[PDB]
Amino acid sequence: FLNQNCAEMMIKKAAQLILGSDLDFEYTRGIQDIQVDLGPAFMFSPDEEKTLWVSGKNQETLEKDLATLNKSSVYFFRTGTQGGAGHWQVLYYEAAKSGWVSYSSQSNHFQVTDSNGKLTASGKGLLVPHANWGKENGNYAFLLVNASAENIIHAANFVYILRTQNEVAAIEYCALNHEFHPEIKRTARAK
């Protein structure tokens, strides 16, 4: 029952950190238990909330991009190549560990940086030293999407409708709606 719930777990994490809200996606038997690419959920986002980094060839230029980030902000963060396989994860600063964390699922997450803003062994994993970075097809890049209230809601609705219906219906739902789908139960929590 929900093997491929990475999208829900990431979205719940962002909602906890930003909205002070736990989300429960109330599904029935017969859903699409598949990996969900969140990309289309962010098509309506303002341009200032989507940014492409091209710094992952070298440790120091990535550390620098990371050190620019505001430590109270949360991002949906896509790694991979422009034409190809992309992976979404949540990027947040966990004050308890004093570093940026990448959270893809309950079973796949790592600390990106140490207390002094330098990459950990796992953070060095993000680097792709022997291929080119940029905006052209086949280049490596990072895409940062602000996990604003609006982007969290779009991601939540997109996943919910994708799983219960299909991708086309989810795109159309996200175009018409800006509030959490009624079947996504929220419960307030402290932040």
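The numbering used is simple: start at 1 and walk along the sequence shown.
Comparing 59 to 67 with 158 to 166, the higher mean C-alpha B-factor in the PDB entry belongs to 59 to 67.
Between 4 to 12 and 182 to 190, it is 182 to 190 that carries the larger average Cα temperature factor according to the deposited entry. Among all modelled residues in this chain, the alpha-carbon of residue 121 has a temperature factor (C-alpha) in the highest third.
Placement of the Cα temperature factor of residue 112 within the chain: middle third of the modelled residues, per the deposited record. Among all modelled residues in its chain, residue 128 ranks in the lowest third by Cα B-factor. Among the modelled residues of its chain, residue 150 has a C-alpha B-factor that falls in the lowest third according to the deposited record.
Ranked by C-alpha B-factor against the other modelled residues of its chain, residue 84 falls in the middle third.
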